[PDB]
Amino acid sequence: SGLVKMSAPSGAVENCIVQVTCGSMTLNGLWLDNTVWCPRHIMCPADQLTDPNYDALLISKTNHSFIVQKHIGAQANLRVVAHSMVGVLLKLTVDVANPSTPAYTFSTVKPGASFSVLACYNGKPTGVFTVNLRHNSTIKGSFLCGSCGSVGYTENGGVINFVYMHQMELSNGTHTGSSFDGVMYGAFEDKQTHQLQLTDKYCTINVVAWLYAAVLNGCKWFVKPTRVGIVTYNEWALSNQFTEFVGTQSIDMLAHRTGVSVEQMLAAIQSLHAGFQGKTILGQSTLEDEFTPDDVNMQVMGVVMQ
């Protein structure tokens, strides 16, 4: 038992991290087969970060403009033989394929989904943590500018699913990046101008999953006979910065295991939002919405007790 923020083991991803340098800028890249991926703003000079003309920048670089180095494991200096833009990513073709390329897929996650982040700095892995894609398609992470190119991923059956490459900090503790098709998460441009973020919301289904984990972990003081219909909850949610609730088979099974209905959990959310009344749930006095039902399922399988 116990519930903690958990990441997928990072070894397979660590083997793919490289350092990329262009002019005075350096950051991290991901080396898969004969390709190195990094944010395209590595091309932008310090004095043009406000209005970068990436097409002009691209054309002003040679293959030799890009120095790519592997620091950890079997070291390497990699020769770039082509460079092009893929959305807000630079795609560098190199003359050697990464022999430690894992089996992998690219995916784009949806708001409310979690993934692991390998934080990197100057081509070296430095930390691992887990984030959730927020309702406004930002993440709440921990990065420096030199952390750009850090990689978000999930893992299933030995296959690494790459979903995120870190691009920018939007406001304090608030970040975004792109999927590996080069599409930025959220309504965000890779330039140094203030950009307005859409309002964030609590992911209701994740909160519900968390309350079920709490109950399976012996914490049930917040469960009352009170219930609220989904239609009523959803009207309330629109006025209180929560997402609309739509049930899933996974949630139904947690209901089954605990004897606590989804309508009771939605009622508890409404009550807890008004105040925790000096009490805690799994150590917290705020609602937790970054565990998905899948995340919770991985960490439970205990029997509900008395």
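Don't overthink the numbering: it's just position in the shown sequence, from 1.
K.L.:
Between 65-73 and 234-242, which has the higher average C-alpha B-factor in the PDB entry?
P.N.:
Here the higher of the two C-alpha B-factor means belongs to 65-73.
K.L.:
Mean CA temperature factor from the deposited coordinates, higher in 191-199 or in 149-157?
P.N.:
It is 191-199 that shows the higher mean C-alpha B-factor.
K.L.:
Identify, among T50, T35, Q270, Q264, the residue whose C-alpha carries the highest B-factor in the deposited PDB entry.
P.N.:
So the option with the highest C-alpha B-factor is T50.
K.L.:
Which has the highest CA B-factor per the PDB entry: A255, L27, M43, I59?
P.N.:
Comparing C-alpha B-factors across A255, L27, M43, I59, the top value belongs to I59.
K.L.:
Among the modelled residues of its chain, does the C-alpha B-factor of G247 lie in the lowest, middle or highest third?
P.N.:
For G247, the deposited C-alpha B-factor lands in the middle third.
K.L.:
Lowest, middle or highest third: which one holds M85 when the chain's residues are ordered by CA B-factor from the entry?
P.N.:
Middle third, going by the recorded CA B-factors of the chain.
K.L.:
Based on the entry's values, in what third of the chain does the Cα temperature factor of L144 lie: lowest, middle or highest?
P.N.:
It falls in the top third of the chain.
K.L.:
Should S171 be placed in the lowest, middle or highest third of its chain by the C-alpha B factor in the entry?
P.N.:
Highest third.
K.L.:
Considering only modelled residues of the same chain, in which third does the CA B-factor of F106 rank: lowest, middle or highest?
P.N.:
Middle third, going by the recorded CA B-factors of the chain.
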